[PDB]
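Student: If you scroll down you'll find the structure; I have some questions about it.
No lab work stands behind these numbers, since they all come straight from the coordinates. Neighbour counts run over all protein chains shown; Cβ positions are idealised from the backbone, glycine included.
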Amino acid sequence: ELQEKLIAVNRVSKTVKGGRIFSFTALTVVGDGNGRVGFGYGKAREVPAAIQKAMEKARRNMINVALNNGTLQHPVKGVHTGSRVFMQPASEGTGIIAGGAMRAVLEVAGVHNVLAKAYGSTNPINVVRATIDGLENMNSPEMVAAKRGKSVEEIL
Amino acid sequence: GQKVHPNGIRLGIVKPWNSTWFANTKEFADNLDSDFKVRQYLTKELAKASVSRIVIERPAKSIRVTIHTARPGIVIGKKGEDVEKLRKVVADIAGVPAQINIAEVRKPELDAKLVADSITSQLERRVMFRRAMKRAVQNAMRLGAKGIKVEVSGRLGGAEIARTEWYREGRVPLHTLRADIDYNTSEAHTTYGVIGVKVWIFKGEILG
Amino acid sequence: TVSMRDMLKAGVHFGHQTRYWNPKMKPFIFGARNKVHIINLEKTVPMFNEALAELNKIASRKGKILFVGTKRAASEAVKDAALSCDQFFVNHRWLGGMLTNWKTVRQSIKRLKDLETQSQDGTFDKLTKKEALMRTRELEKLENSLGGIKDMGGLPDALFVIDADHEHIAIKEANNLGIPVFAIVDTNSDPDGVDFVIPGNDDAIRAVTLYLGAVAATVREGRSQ
RNA sequence: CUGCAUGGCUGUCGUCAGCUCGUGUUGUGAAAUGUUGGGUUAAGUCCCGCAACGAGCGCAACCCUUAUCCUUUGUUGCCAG
RNA sequence: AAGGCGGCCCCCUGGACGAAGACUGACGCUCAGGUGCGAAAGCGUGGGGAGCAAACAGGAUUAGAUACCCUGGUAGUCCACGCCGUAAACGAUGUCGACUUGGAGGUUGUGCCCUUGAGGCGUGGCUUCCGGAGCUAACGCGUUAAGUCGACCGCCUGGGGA
RNA sequence: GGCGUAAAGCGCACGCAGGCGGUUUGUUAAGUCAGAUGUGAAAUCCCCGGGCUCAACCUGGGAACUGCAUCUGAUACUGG
Ligand SMILES: [Mg+2]
Ligand SMILES: [Mg+2]
Ligand SMILES: [Mg+2]
Ligand SMILES: [Mg+2]
Ligand SMILES: [Mg+2]
Ligand SMILES: [Mg+2]
Ligand SMILES: [Mg+2]
Ligand SMILES: [Mg+2]
Ligand SMILES: [Mg+2]
Ligand SMILES: [Mg+2]
Ligand SMILES: [Mg+2]
Ligand SMILES: [Mg+2]
Ligand SMILES: [Mg+2]
Ligand SMILES: [Mg+2]
Ligand SMILES: [Mg+2]
Ligand SMILES: [Mg+2]
Ligand SMILES: [Mg+2]
Ligand SMILES: [Mg+2]
Ligand SMILES: [Mg+2]
Ligand SMILES: [Mg+2]
Ligand SMILES: [Mg+2]
Ligand SMILES: [Mg+2]
Ligand SMILES: [Mg+2]
Ligand SMILES: [Mg+2]
Ligand SMILES: [Mg+2]
Ligand SMILES: [Mg+2]
Ligand SMILES: [Mg+2]
Ligand SMILES: [Mg+2]
Ligand SMILES: [Mg+2]
Ligand SMILES: [Mg+2]
Ligand SMILES: [Mg+2]
Ligand SMILES: [Mg+2]
Ligand SMILES: [Mg+2]
Ligand SMILES: [Mg+2]
Ligand SMILES: [Mg+2]
Ligand SMILES: [Mg+2]
């Protein structure tokens, strides 16, 4: 029931006395079709072990995102280390207008109508961290109503 | 160019010879040629049979070939049909009266020559070598081996650059002399070349 | 259940000096005597009783409790408290990943059991006597480290720690695993990773025995209840 | 003919004491820890300490031979009485 | 203010800080262009010239040695008055102001307690080190910010070519 | 968008023009905000429709033309 997407695989290296040792890294993201999203980053000498370590870490360290019906709640921004990221709630059925890693993370996030833009570095690890930070700090009308101590109708 | 053959190094301690006879120097190499020709013949005939170890013993000028195989039904056929067919040609080669016994190989997943020939047959019918090495290790560690190491070599997937790969599960002490390491090696003659397969299986230490 | 002059007699209000203190302990320090901060026992008592109330809730319903102190002064006291309330203890070094890598530590719980089986009941006489001494000092070391949790089987449900920095690793592993933390937080410690902060001294053997006997009490009372 | 298409086998650094993995943790990451430190050893040998806990290939031993003794059997070997 | 400033004495002189009060009453901040200061080396005129020392000379070294090493040694270094107007002129961090957990010092004032000792409790200026949140590509910075903000100025836009 | 180290803080400072400006009251209404009028050619773009067998196309009405001027007001902020 948790849909799982790998974003990108990459071969890294490590130079030793014998020569170059190659390894593989895997960036996977999981989600429940709702606000529960979580990513993982595994690494091994072999690709199925790296995707399995990534899905293993992604199934835990899940994060909860207060969605609306199928879209966001307010235009939110997210940063991590190279990637300022803008995302915006959109009308019904305009699709996921997003780049690379953000399409996979919002698709398993269960969003369906976004207008996104990734500025800066588009490294999938940091931009998926920047989207996780943006969706995590996106706040609902209930949370702001309980916070300000007013009703939702007093907030409009 | 580094490692000794683990059978030949274990031959005085925990492993038996595959030929246990005696002769003087006059009839030594003639008996050893007759043993070579009969192991050649029996391997070509029982190629589809999962034969592992042909033991030859000759008392009183009468050869006795003990075939170890995982299934004796295809080696025998009808009761004394194919065994008798192979017996009359063994007696033709050795020039002496023959006798054929068949020892069944319990657990064919724990015999290095059978695993190596299954991998070779799989590579010949073009399967992925990593899948074959995985299934050989998972089957052997499930069947109860204390440790297996497999290794293929050369022209993998038709690549022009030959490389080697090896998997290992469990402990395989080659330097331990009392370790029961079943070691054997097969060769796959693909259209891109020759792929060499080695397999070590550690069952445990004999406490003699 | 413990009065303020009870704490003042045991030495709970003592702490560390003014050049070792954490600025997060500002809402817990009463004053500063002899260039040493003084812990506000006015806020110590109702927080220690809130912790003992939640301890009485979990040990009422048979939650698993792990007592953690390896100060080489409260090691026997935390052992006697965990064997009083038949709970689990860590008196010698907290192994890195004792909770998170439980599935690896389990294979040494099993090794400690099989060595105890072999030697006491198993009578594992008749070995190579040099191996009989390597088995002996292995089993002594494993009992000295993992003997307090050898019957636990699973993850504990609450962790009571005597010092948040001598045992800061167990705080992080509990914070990862979602296990609640009850801790005697001194002036030189960080009160953020601890879910139930208890101000008080950490090196005083009388105060450690007061804390532990009050916890082994409200657990035995919740078990019997 | 091609060892620069390969198997197998062999040299070599080097019988040097090293090389790695699993889970965990740290770091955006390449990676790191473990494997480092205090001693010690022929040895990543062992002990203690330690966010590591464990495990594998190797380091050692198990093999052969020599060095002392015992029992058994004494020819084609032996000669104390 | 920066460059920079090191025996002692006198003369002239600028700035900083502290303590109580008194006073003026926003008189303030920044600054293109502009003006002024601005290490060493260098230039001009006039002196001076011990030591050091570019250049140069000789000796070695070296395959060579227009170098390092050695023995010498001239401008220069010094003074007066002018010019030049540059440095890795660096904290490689523009100036002014406000707020934001701490610790150990150094220096320089000053208040109080019986200074019952050179102590005890504070309150200002400047300064060094470590380090938390936060920030940062990381290194690291971290109340003297490279944190959070405001005002103004200067500058950048791939590497050479330059 | 940046300027410790990747390009980038003038060597430092004073300072004219310029930019900015503590707090209180009163007043002004310049900026600002609201409304009205005039204008902002038509076409074009957009919306709702109509017509060519449909569409392209043609076309009706509207909105829009984010602007400027004048007048009537408002006085929090900035300015005087
Ligand atoms: Mg990680
Ligand atoms: Mg870019
Ligand atoms: Mg060799
Ligand atoms: Mg070659
Ligand atoms: Mg070869
Ligand atoms: Mg690891
Ligand atoms: Mg190493
Ligand atoms: Mg060491
Ligand atoms: Mg070892
Ligand atoms: Mg060895
Ligand atoms: Mg006045
Ligand atoms: Mg200027
Ligand atoms: Mg000069
Ligand atoms: Mg001159
Ligand atoms: Mg002159
Ligand atoms: Mg002179
Ligand atoms: Mg000279
Ligand atoms: Mg310059
Ligand atoms: Mg400097
Ligand atoms: Mg500069
Ligand atoms: Mg200025
Ligand atoms: Mg610092
Ligand atoms: Mg900033
Ligand atoms: Mg700043
Ligand atoms: Mg910066
Ligand atoms: Mg830029
Ligand atoms: Mg540079
Ligand atoms: Mg630069
Ligand atoms: Mg500067
Ligand atoms: Mg004003
Ligand atoms: Mg006004
Ligand atoms: Mg007006
Ligand atoms: Mg208007
Ligand atoms: Mg028009
Ligand atoms: Mg129509
Ligand atoms: Mg006014």
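Student: How far is the Cα center of segment C:160-202 from the Cα center of segment B:41-63, in Å?
Tutor: Between the Cα centres of segment C:160-202 and segment B:41-63 lies a distance of 73 Å.
Student: Once the Cβ-Cβ distance between C:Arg33 and C:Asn175 is put in as r, and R0 is 35 Å, what FRET efficiency do you end up with, to the nearest 0.05?
Tutor: Details: r = 34 Å, r/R0 = 0.96.
My answer for the efficiency is 0.55.
Student: Provide the FRET efficiency to the nearest 0.05 for the C:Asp114-B:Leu143 pair, computing r from the beta carbons and using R0 = 22 Å.
Tutor: Details: r = 25 Å, r/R0 = 1.12.
According to the calculation, E is roughly 0.35.
Student: Still on this structure, please answer the following. Give the order of B:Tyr183, B:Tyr167, A:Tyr41, C:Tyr211 when sorted by the count of other beta carbons within 10 angstrom, beginning with the fewest.
Tutor: Values: B:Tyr183 22, B:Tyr167 14, A:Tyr41 18, C:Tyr211 31.
The most exposed by this proxy come first: B:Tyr167, A:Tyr41, B:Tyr183, C:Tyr211.
Student: Moving on to the next point. I need B:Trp17, C:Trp94 ordered by Cβ neighbour count within 10 Å, fewest first.
Tutor: Numbers: B:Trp17 12, C:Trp94 20.
With the fewest neighbours first, B:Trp17, C:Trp94 line up as B:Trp17, C:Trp94.
Student: Cα axis of helix B:129-143 to longest principal axis of chain B: angle in degrees, 0 to 90, nearest 10?
Tutor: 70 degrees
Student: Which entries in B:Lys107/C:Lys103; A:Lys53/B:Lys107; B:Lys3/B:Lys113; B:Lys88/B:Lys113 show an alpha-carbon gap greater than 30 Å? Walk me through the numbers before you get to the answer.
Tutor: Working: B:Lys107/C:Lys103 32 Å; A:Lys53/B:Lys107 33 Å; B:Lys3/B:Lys113 19 Å; B:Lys88/B:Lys113 26 Å.
Flagged as over cut-off: B:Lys107/C:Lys103; A:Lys53/B:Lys107.
Student: Using the alpha-carbon atoms, what tilt in degrees (0 to 90, nearest 10) does helix B:28-45 show relative to the longest principal axis of chain B?
Tutor: It is inclined by approximately 60 degrees.
Student: Does segment C:88-216 come out rounded, prolate or oblate by the C-alpha gyration tensor, with a ≥ b ≥ c the root eigenvalues, rounded set by a/c under 1.5 and, if not, prolate when a/b is larger than b/c and oblate if not? Show your work: numbers first, answer last.
Tutor: Numbers: a/c = 2.79, a/b = 2.08, b/c = 1.34.
The shape class here is prolate.
Student: Against the globular-protein guess of 2.2 N^0.38 Å, express the Cα radius of gyration of segment B:44-170 as a ratio, rounded to two decimals. Present the calculation step by step, with values, prior to reporting the outcome.
Tutor: Values: Rg = 18.0 Å, N = 127, 2.2 N^0.38 = 13.9 Å.
The value comes to 1.30.
Student: Follow-up question, since we're still on this one. Please identify the helices of chain C, taking whole runs of DSSP H, that span at least 18 Å along their own axis as judged from the Cα atoms and have a mean Kyte-Doolittle score of 0.5 or higher.
Tutor: Values: long enough: C:41-58 (25 Å, 0.04); C:102-116 (20 Å, -1.15); C:129-146 (24 Å, -1.16); C:205-224 (28 Å, 0.53).
Span-like helices in chain C: C:205-224.
Student: Need one number: nm distance between label points at B:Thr185 and C:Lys43, each 7 Å from Cα along Cα→Cβ, rounded to one decimal.
Tutor: Result for the modelled spin labels: 7.6 nm.
Student: Looking at the calculated P(r) for chain A, what percent of the C-alpha pair distances fall above 29 Å?
Tutor: Values: 2971 of 12090 pairs.
The proportion of pairs with Cα distances above 29 Å equals 25 percent.
Student: May I ask you to evaluate 6.51 cos²θ - 1.76 cosθ + 1.60, the Karplus curve with θ = phi - 60°, for each residue of segment B:171-180 and list the ³J(HN,Hα) values in order in whole Hz, giving x for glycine and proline?
Tutor: Along segment B:171-180, the couplings run 8, 10, x, 7, 6, 6, 6, 8, 7, 7 Hz.
Student: Another question, then. Please order B:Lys61, B:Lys107, A:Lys57 by the number of other Cβ within 10 Å, starting at the fewest. Present the calculation step by step, with values, prior to reporting the outcome.
Tutor: Numbers: B:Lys61 10, B:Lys107 13, A:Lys57 16.
Arranged by neighbour count, lowest to highest, B:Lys61, B:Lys107, A:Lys57 become B:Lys61, B:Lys107, A:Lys57.
Student: Moving to a separate point now. Which of rounded, prolate, oblate describes the protein assembly as shown, given a ≥ b ≥ c as roots of the alpha-carbon gyration tensor eigenvalues and a/c under 1.5 marking rounded, otherwise prolate only if a/b is larger than b/c?
Tutor: Working: a/c = 3.36, a/b = 1.71, b/c = 1.97.
Cα axes put the protein assembly as shown in the oblate bin.
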